[PDB]
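For reference, the structure is listed below as structure tokens.
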Amino acid sequence: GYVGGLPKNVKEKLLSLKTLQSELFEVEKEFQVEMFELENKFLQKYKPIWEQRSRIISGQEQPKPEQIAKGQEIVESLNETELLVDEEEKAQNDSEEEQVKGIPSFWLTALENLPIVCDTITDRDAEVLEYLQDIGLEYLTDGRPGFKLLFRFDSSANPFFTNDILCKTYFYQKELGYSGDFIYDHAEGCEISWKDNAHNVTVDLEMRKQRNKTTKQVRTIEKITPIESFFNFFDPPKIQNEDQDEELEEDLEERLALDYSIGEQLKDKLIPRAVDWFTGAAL
Amino acid sequence: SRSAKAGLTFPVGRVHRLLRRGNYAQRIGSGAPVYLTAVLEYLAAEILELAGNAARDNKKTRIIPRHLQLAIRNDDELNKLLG
Amino acid sequence: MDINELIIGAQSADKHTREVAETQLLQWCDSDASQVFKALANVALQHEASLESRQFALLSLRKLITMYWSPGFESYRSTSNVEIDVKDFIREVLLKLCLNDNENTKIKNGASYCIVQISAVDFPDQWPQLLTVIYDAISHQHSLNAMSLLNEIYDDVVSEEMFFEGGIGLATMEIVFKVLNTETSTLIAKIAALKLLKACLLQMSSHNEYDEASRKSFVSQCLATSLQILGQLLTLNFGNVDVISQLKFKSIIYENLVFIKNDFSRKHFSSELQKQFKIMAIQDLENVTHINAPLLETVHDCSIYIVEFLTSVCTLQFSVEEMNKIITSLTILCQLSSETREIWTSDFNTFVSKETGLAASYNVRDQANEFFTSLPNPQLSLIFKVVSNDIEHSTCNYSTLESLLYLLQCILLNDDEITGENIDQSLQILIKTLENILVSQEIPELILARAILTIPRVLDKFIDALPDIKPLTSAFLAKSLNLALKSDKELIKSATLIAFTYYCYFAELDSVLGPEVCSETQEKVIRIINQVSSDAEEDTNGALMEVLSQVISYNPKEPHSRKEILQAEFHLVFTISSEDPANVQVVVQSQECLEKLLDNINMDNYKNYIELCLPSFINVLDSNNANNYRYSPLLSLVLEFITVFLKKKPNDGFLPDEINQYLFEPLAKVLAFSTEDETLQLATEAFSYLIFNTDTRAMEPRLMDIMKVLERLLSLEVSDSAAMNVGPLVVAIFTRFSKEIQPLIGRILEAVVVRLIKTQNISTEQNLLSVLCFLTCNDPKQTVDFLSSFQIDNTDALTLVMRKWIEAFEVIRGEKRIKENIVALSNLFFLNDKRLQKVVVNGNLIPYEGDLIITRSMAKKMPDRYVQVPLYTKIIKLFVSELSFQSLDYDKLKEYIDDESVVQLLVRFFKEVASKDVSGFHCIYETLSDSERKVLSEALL
Amino acid sequence: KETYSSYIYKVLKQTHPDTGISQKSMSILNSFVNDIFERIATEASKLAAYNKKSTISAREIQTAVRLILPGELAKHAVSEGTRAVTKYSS
Amino acid sequence: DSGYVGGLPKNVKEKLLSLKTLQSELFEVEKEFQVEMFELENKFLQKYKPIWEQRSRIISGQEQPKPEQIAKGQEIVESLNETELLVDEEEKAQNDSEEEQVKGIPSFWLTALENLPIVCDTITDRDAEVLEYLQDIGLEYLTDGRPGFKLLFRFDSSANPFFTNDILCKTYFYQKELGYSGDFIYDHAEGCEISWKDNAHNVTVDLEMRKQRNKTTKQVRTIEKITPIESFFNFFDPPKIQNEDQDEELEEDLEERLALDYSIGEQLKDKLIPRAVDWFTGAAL
């Protein structure tokens, strides 16, 4: 206030300072571009490890003795002696071991140990997640900056939906959000092609066979009513703000906060850290 | 400033500066300028009071030199001090 | 009608008729002033008679107005009061006369002065439309004399509220700027407008509240427009039509510029404007000096204002060409007019008064001195080079040469040390030029006097950077003294004496010259002082006393000394001061000369000194004896000289019996018969010293006379202001004749106490307390006994005496007196007398609420209220305050203590008390404030 | 001096709620104030010399005031000085 | 669930060990990522240096705005809401000789620091006295030697009466290994010894003076006392560890002081300097 009331020398100096702010903002835009480039470069390195651990989890790849020894040394250094092998376990025959290819409920257990998302997990969702193989992440290069999340389900043996892969997208605002970071923009997701309503874990089903009392017609009814579930992560909030969605936009903003918290959780901790959280050591 | 603490309207700092640059003595005590300023302000108050009385006797609201000289002349002590 | 006859009679020549007319006029007013005022107004307005008749009618109105117009005048006479209806009539007539430009100047001026008086008493409550009428005249009728009247009355009537807020200020500035911008305005109109502008600037320079936004904006706008206009005005030229009007016009412009520069914040009158007006001012110096070809007087006034401006903007850089212009112009302006040359040459006392700086006249010479005294160092050095080069060329043009030497003298008075690349060569050449000027046989007198006065300045300013400064100083001083001697002009002699005074300031002549040549020059200066002393005015005698004080200082302090020089020195000290004892400077410097002439003294020298001096004094005392010793400046002077001798006793014994034989009886008569305050004061001081310093056995036979004089002085037959020094006299009598006087101590002590309590003079109470201090140091318990037994107004004198003594302690003067009081009070404290313990005195003042200044008017209802403390507590507080001027538990401090100067006395006193007077000081220490305790304990560390 | 004038205005406003003073009267008051200042300062210098003391202090000022100011002016000037110094240094 | 963990077959335990090894490999990849982040951030600090220096010159008054930058600032002001910077007619009437009487932006850095939420709490008035002379706050990344970033505070010895050091700097250091989350983890910090002109002007201590002539020891002796006091300049000279005292006393010292010091350093480095002018004017809040 009084700084403006000061003679025009101070005002002109501050105007020059604002011009330097604009120049620094351009430099910071190029800075964010370089950070995104190098983040993509190192995400290309992240992806192979994540895919390899997904293969181990779902059982289409096997460990090696050297990896087992290195993990043994790492666990011994970590003090997490619960993973250590015992002679009683060694007594298990190969036939008993091979009864299950992948780790039973690996992703399900990791998400259950998860602070927030475990709350959204229902029993039917827990049954579903046994068919979840891999979780993938990607960066949006075109248009608005952002990141994309992917899940892989063994649709062949999945009796719930035919979606081989489901992808969730996030967006950021066009310019630089203040403080040098990006602020969220509305998110979009795919739709699950449920095989039937009974197997739809996002819906509770009611079956009715009726003879109409008014028209005396004969009909069989299949009824649908949405319910909350882990797949409510998909069908995300529609739009950031629109005229026709305001009443919806209230819940859209609330669920946007919740979903961005969940997605930031996933990106930062779960996908980069999955072993400990399946084992719970990261708690 | 020190004048506010002393309870004076006159410029204790100006008086102290005058005393020091006059080289009246090797040193000027801290209380000397305060005392001298109080005395000068008192004398100004006396002269102004009597000049204002002189002006008010004429039913004016302004102390022109005539009133000031009249007040000094008609006050024996001020007359002796100032002629 | 008969007023005209009185005007004639009063205006006539002979006393008898003028007195008759004056009376007759006065009784008419004493009966009724209505008739007289109405008649005089009609006389001025209507008769169209001889201008002198109307002028005298207006003059009578001037005299009658103050007597009869209103009680507001001191000269008011209550015989009758001017009728209200007539008051309006004469107000109207005065306005009609003054505002009409066509009236003769004398009539207009008389009417104007009458209006000034009447307005001073009547505006605004009685005469509302004064400013309305004046501004109507100025705006519509363009009355120039109306502008002059407004200028004169402006400050008396136009208060701040009207000026800033009543619109009077804006209206006046509108008038001023309309007059100045109007190209066709005659120079007289512009000059009147500029004077009115000066009035407005004065009003704007200071006001009750600077921060008011409206006032601040108005001032800024007025100053900006004023500077723009003045910038335009200076660019004008009038083709030599009227040089006097042009000179006055330039003068007032530069007066306004100086006012704006000096009385308003630097945010107004930016630096670029200062540069522009600097260039204009230099060009105007050139123009004025050429116009010089009352013309001279107006030229000089205009020059004073131009040079005052240049002094105000002297901080700016001056180009070489600007310095050359300024120096040439000041060379022309600063040369002495023929009138001043004749005045100085015919009466050298005027020259001495001016050169010593005592004369009141202020002219272009003094302003040029101001200009050079203010320059900064780079400009100062460059202008010194310019002036030196001009002197080098003008060495044969005598008329300018003095002017150049005076300019050089002004430059060399500047504090900044002149320094430069080529100044050393210039200084060598200048020294050679000055030597040639002294040696030149045909040089004029005033140029020679200026060279003699200037040479000391040259040597002083370059005390450094001159090799062989000592030979130069010796040669120049010897040459100047030789010229002063064997020449018949008192200008040269007085100038040489003043030049000697200048030498003594920068050179230690005894060291520089050596003892031998120092003595020789003392003799030469004494001869010159003798020669000039015969034709000395008061100021000249003051200057001679200063010179002689300087000369005496250099007389040899060696055991060998030229008795002739000492004798001549004293002879001059007494002769010069005897001529005009009333001159304050002569008296003070005579005391200085006598003291330093008796600085160090021994018996054998003293006996000769007293043998010469004293017989002269007895002549003066006996001379005034016929005059019954009424006041005489010479009498006081000789008394002071006798006191100086008696004070400067030789250390090697008591005074001679001759001094007693010489002085006692004359002083005895002076104290027995004199009646005036100053004479008795000085006589008492001298007599007290005579008694004190004479050998006791040599004076005891005189004891009877001593007591007789004392009893005269004590009786109060001499007023309290007189007999001021009786205290010291009683002290001396007690000291010399302690045993013989014992029976009389009671009466003398009681009379001294009686004098002490009633007196309000600081010196009298100090002197009288000296007696109590003596008695208390001699025997405190006896003093307490006398004071307690003695009664005044049914109260023991002790309570009154102690209260006076404690209050007087704050202001007693002198080191020895302070120490005497401290020891006396210490003795009273140690005595620990119950009679004293019950005494109560006044502590600090209790401040009232607020911050109201208490004037004598308020005293009746806001008296000085004190707090009451026992005597001993106040003694200790006084001593602690003294410690504070000079420079934490009692039990620990007492334990801390266990394990000739003022501070020495106080510290030893406190240590002794804390060690010994355990209970009395313990309680007092317990009640002292923490700051006092801290000063006390820090001193005791 | 120009500061003296402003403080003369403040003192006047305290003395009388509302009254004005002409510029020339203000100059006269400043002249009196400067005269008194000079006289008291020179007297204090003489006293400090006579007291053989290097510092002019409240003692010298009080003595000079008592010597110069006539009559009740001396008493009230002394009272004002003492109370001003007491408010000060406290 | 320990029971479940025991229930895992030996083969699944081997698979989990391999997955943990993969996680460690990801940790090394994160180490390389952080190295590249640090290198490019140092490069962009070099890129920022010119603009920061120019704005510092503007703040100190060493440089005057040009008409082109003035117009750019004005058009930026037209964007969003910064009309405070729009120069009015009254100011244009002023002259440079009137404005330049005060050179630079008074208390620019002091105001910027006091507006910062966490840090301003530690700035006492006695510390703020020194901050008046603060005219520059720079960043330096410890590319050489141990990893870390160094904060620089600049002063003028001929102006400030407190210390003779023109530049006071604070240092932060990270461990040789990354944190669990992948972000950098801290190591013990260090600060410079302020070259106070004298102990009286020193702002991190309080002193006392007394003289005794002590009876207990029969010593005519003078004693001086110094006591550390809370102050922002305690931000320097950070705590250090001594094993025996480290276990008991300094454990809480590291728990508390290091957290606050690290948070203050991060807040400065990130929030303040990149938005120094906005923080000064408060737009950055």
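The letters A, B, C, D and E name the chains in turn, as written, and every chain counts its residues from 1.
We adopt the following convention: a contact is a pair of C-beta atoms (placed from the backbone, for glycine too) under 8 Å apart; a residue touches a chain by one contact, two chains touch by 3 or more.
For the pair chain C and chain D, chains touching both partners: B. Comparing chain pairs B-C and A-E, the larger number of C-beta contacts belongs to A-E. One finds 37 Å separating the Cα centroids of chain A and chain E. One simple way to say how far apart two chains are is to compare their mean CA positions; for chain B and chain E this gives 56 Å. Spacing of chain A relative to chain D, judged by their CA centroids, is 87 angstrom.
Centres computed as Cα averages put chain C at a distance of 65 Å from chain E. Shown for chain B are the residues that touch two or more other chains, namely 7, 29, 41-42, 45-46, 49, 61-62, 64.
Shown for chain D are the residues that touch two or more other chains, namely 11, 14-15, 20, 22, 24, 55, 57-58, 62, 72-73, 76, 80, 82-83, 87.
The residues of chain A never reach two or more other chains; the list is empty.
Every pair of chains that touch is listed here: A-E, B-C, B-D, C-D, C-E. Interface residues of chain A facing chain E in the complex, by the touch rule stated above, are 1, 3-4, 7-24, 27-28, 31, 34-35, 38, 42, 45-46, 49, 52-53, 56-57, 62-64, 67-68, 70-72, 74-75, 78, 82-85, 89-90, 92, 96-98, 100, 103, 178-180, 268-269, 272-276, 278-280. Within the complex formed with chain E, the residues of chain C that make contact are 267, 270-271, 895-896, 899, 941. Interface residues of chain E facing chain C in the complex, by the touch rule stated above, are 95, 97-98, 211, 213, 215.
Across the complex, chain D meets chain B through its residues 3-4, 7-8, 10-12, 14-16, 18-22, 24-25, 28-29, 32-33, 35-37, 40-42, 44-45, 48-49, 54-58, 60-62, 65, 68-73, 76-77, 80-85, 87-89.
Remark: chain C residues 155-156, 159-161, 202-203, 205-206, 208, 210, 263, 762, 810-811, 813-815, 818, 844-845, 847, 852-856, 859, 864, 885 touch chain D in the complex.
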